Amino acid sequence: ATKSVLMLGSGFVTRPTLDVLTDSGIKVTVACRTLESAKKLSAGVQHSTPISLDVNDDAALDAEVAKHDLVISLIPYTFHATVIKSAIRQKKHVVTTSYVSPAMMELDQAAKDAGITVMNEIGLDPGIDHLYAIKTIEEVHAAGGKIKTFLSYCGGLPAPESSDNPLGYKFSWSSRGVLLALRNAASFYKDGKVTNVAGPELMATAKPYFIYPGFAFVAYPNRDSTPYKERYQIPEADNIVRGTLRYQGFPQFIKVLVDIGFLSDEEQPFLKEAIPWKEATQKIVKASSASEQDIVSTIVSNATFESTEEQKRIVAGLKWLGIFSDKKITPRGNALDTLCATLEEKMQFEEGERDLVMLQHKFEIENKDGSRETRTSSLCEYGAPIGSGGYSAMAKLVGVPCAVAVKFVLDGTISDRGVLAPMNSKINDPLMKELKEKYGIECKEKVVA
C-alpha cells in the first residue's frame, strides 16, 4: 500500500526532495557512498532509511533498484550511468534533473518495452524554466500571436550581500566543471540565423543583462539553444537563447584567468607537489621571477582590462586568493584543478549567508492584430541563511519540482512511458499546478511596452 523510493542523494538538493517525499507518505531510502553521509542527510525525517552504496558498482546498484518502485538520480548524469539502464533491467521508474542526451534517448525504446517512465529535466533549469517557457508560448500562439524572440536566463548565485569575493560567486562542489564550462562554445538563434560563438569569446559576449534596478547581472549563452526552435515549437522566432546569469565582474575575472593560463588542465610537472603558490603561479603565468611585481607585470602583459580601477581590483582579487603568497598549493597536476582547490576553499557559502536564484524568460511578441509587446516570466528567490536549517533557494527549486515528479510517476499522474522531459501541457500542467498551489513555486508574468 506504500510506495518506496531509492534516492541517489547528492548534497543539498537531497534534503528538500526527501522532505517532500517522506511527507507524502512515501518510504525513501537515501543512498550515499558513505553511510554517515546518508544518516546526517536523512535525520529529522520519518520513513527515512539511510544506507551505503557505490553507484559505480553495477550489481550493488542493480540489486538496490529492485527493492523499490522508482529511482531518483540527483547526480549529474554521465555517459557512463547505469542508473537508467538498471531501472530498465528492473522495470523500475526513474526521475532525474538531468538533460535528455542522445545517449539517454537511445534507451527510450527499451524503457518503453520495460513499461517504465524515465522523467528528466525537471529541476530548476532544466525544469521550472521549461514549464513557464512553454506556458507563455502556448498562451501566445492560442491568441494568434507570434514569439519573435525567446530569451531565458537563470543564475544560481549568492545573495548580493554575500557576493563579496572576486567572482561574486560561491562553490559547493568541484568548481572543476563550473570553470571548465566557462570557455565552451555556444550556438543560438539571432536574426533568424544559427549564430555560433567559440569559447575564445564566450566571456567576451557575457554582457550586462538588465532585469531589476537593484541587481548587477551579466548573461552569456548556453552550449546550444538552437534545438529549442523545435522543442518549444517556435518556428517564427528569430532570436532564441537559453543562458546563464552571473554578477558584474565575473566574465572579466575569468577572462584574465584564461589569458594568463590558469584555466589549463594540461598536466604540469611542478603542479603535483606542495610548492608555494608564489612559485606555482610564476610557472603557470610564465614569469621570470616568483616576485609579486614580476608576476603582476607578467599578468598585466598577457591580460586585458577595461580600466585601471578594475585592473587594480582584479589584481587585488588574485592576491586575495593567495596565488602570490608562500602558502602551499594543494597539488592537482594542472593549473585549473590546482586553482579550484583554492577557489573552493576560499569561496564557500559561510554560515549565515544566503544564496539566490534568479530566473527570467523574455518574449518579444507580435500579436494577431500586429501589436508588439515584450513579456517576462520571473522567479527571484533567496535561500534560507546557512546554518539556520532551511533550504537554499537552489536546493529548493531543484529538489521540490523533482519530488513532485516522483509523486506524479508513482500515482500515475505522469503515465507516458519511455524517456521524457517536461515538453507538453499533458506533463507540465499537473507539475505547474502542484508547484504553484501547494508550494508557491511559480514564475510571475508581466507585460512591457
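Numbers for residues come from their place in the sequence shown, where the first is 1.
- As recorded in the PDB entry, 80 to 88 is the stretch of 80 to 88 and 156 to 164 with the greater mean C-alpha temperature factor.
- Once the C-alpha B-factors are averaged per stretch, 199 to 207 and 283 to 291 rank with 199 to 207 first.
- The top Cα temperature factor in the record, among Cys380, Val55, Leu410, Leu397, falls on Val55.
- Of the candidates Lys368, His93, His141, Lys278, the PDB record gives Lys368 the highest C-alpha temperature factor.
- When the CA B factors of the chain's modelled residues are split into thirds, the value for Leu343 lands in the middle one.
- Split the chain's modelled residues into thirds by C-alpha temperature factor. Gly11 is in the highest one.
- In the PDB entry, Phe150 places in the lowest third of its chain by CA B-factor.
- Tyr220 sits in the lowest third of its chain by CA B factor, as recorded in the PDB entry.
- In this PDB entry, the Cα temperature factor of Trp173 sits in the top third of its chain's modelled residues, the highest group.
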